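Written out below as structure tokens is the structure these notes cover.
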Amino acid sequence: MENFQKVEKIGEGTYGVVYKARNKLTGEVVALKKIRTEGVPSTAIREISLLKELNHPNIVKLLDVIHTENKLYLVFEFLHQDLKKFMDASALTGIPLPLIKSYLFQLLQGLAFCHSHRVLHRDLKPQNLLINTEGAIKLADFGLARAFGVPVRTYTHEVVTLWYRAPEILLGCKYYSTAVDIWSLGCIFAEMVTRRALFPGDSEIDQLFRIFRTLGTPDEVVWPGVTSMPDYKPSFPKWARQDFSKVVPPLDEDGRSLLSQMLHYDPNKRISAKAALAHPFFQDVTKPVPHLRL
Ligand SMILES: CCN(CC)CCNC(=O)c1c(C)[nH]c(/C=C2\C(=O)Nc3ccc(F)cc32)c1C
């Protein structure tokens, strides 16, 4: 883009490539996301504007959309680090619980806001969560698989993480609900705590079976309707649920109780972002400042 000097390529998206870029007029530093070119739907750019009018301290601001010359550019505010990088950097000592807690609380606020506005993320993962020096965390790179839609790639030969995908998606449900984002955020919370991915599947079925081995193979008792879902097979192995205290030690009982509710199989039993904010886990929540090396 001639309006912009690329400083660097800071991420490889689901949709496209993200660049750190400077505006030659304003001198403002931004994140620039470029999307691959068929006639490049009209319908898409409509509901991108739905993302543009979202303003919340926990949602990364979308500054502009630019359709010119058969690529789509999304201009976003720039943040200095992503949670994936921060977790890797914190792997030795772990992220302090008060900071984990503030981050979870803020992400739930962000989700509560998005969801009350009928916007789903669908894509949540540590790479998509951005932090700053003042202790804020923000939802970014909304994946919307309507308002556009879903490829199997981003641009070139990049491998999509299934680790955060809700079981209803894996079982082939056509219609997502807001519950899919709470699932992903639950997986992220566990990972901050234990410093290991909770469900690191290497394929769709391995992802499913990893969830089953830990939470038990779902049945009609815990998840009415499950056996009727498009990708469900009666031939799935039957695993018993693991004791939950094995899962995220040493998280306290308030944390485990909240996590267990974010991880319910039935999208209808799964806690809402709004209700999650009222959980006793957050009674002592504060806003600590992260030690960030930029
Ligand atoms: C392994 C961790 N990371 C993945 C490659 C490596 C490092 N990458 C980083 O730290 C990083 C930084 C410093 N900014 C972003 C991305 C965005 C940003 O700032 N505003 C946005 C608005 C929308 C959006 F969709 C992405 C961004 C990343 C991934």
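Letter by letter, the sequence shown follows residues 1 to 36, 41 to 298 of PDB author numbering. Note that the Cβ used here is the ideal one computed from N, Cα and C, for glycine as well.
Around the Cβ of residue i, are there at least 16 other Cβ atoms within 10 angstroms (buried) or fewer (exposed)?
{"i": "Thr97", "result": "exposed"}
{"i": "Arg274", "result": "buried"}
{"i": "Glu57", "result": "exposed"}
{"i": "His121", "result": "exposed"}
{"i": "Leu25", "result": "exposed"}
{"i": "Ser207", "result": "exposed"}
{"i": "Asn132", "result": "buried"}
{"i": "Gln5", "result": "exposed"}
Comparing alpha-carbon positions, which option in the options lies nearest residue i?
{"i": "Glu162", "options": "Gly16, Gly259 and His119", "result": "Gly16"}
{"i": "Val251", "options": "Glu208, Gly190, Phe286 and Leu212", "result": "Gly190"}
{"i": "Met1", "options": "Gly11, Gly13 and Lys20", "result": "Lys20"}
{"i": "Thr47", "options": "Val293, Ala151 and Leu143", "result": "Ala151"}
{"i": "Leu78", "options": "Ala279, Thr160 and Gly13", "result": "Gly13"}
May I ask you to list the residues that DSSP assigns as paired with residue i?
{"i": "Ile35", "result": "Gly16 and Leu76"}
{"i": "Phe4", "result": "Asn23"}
{"i": "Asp68", "result": "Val79"}
{"i": "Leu143", "result": "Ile63 and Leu133"}
{"i": "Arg169", "result": "Answer by DSSP bridge pairing: none, since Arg169 is not bridged."}
{"i": "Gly11", "result": "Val18"}
Confirm, please, whether the CB-CB distance from residue j to residue i is below 8 angstroms.
{"i": "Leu298", "j": "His125", "result": "no"}
{"i": "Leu174", "j": "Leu212", "result": "yes"}
{"i": "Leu281", "j": "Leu112", "result": "yes"}
{"i": "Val44", "j": "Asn74", "result": "yes"}
{"i": "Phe203", "j": "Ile135", "result": "no"}
{"i": "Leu87", "j": "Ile141", "result": "yes"}
{"i": "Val64", "j": "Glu81", "result": "yes"}
{"i": "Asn62", "j": "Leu143", "result": "yes"}
{"i": "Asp185", "j": "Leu128", "result": "yes"}
I'd like the list of long-range same chain contacts for residue i, defined as Cβ closer than 6 angstroms, with 5 residues on each side in sequence excluded.
{"i": "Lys242", "result": "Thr221"}
{"i": "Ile10", "result": "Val18 and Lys20"}
Which same chain residues, not among the five before or five after residue i, have their C-beta less than 7 angstroms away from its C-beta?
{"i": "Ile104", "result": "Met196 and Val197"}
For residue i, which residues from the same chain have a beta carbon less than 8 angstroms from its beta carbon, with the 5 sequence-adjacent residues on both sides left out?
{"i": "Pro238", "result": "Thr231"}
{"i": "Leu55", "result": "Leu66, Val123, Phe146, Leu148 and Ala151"}
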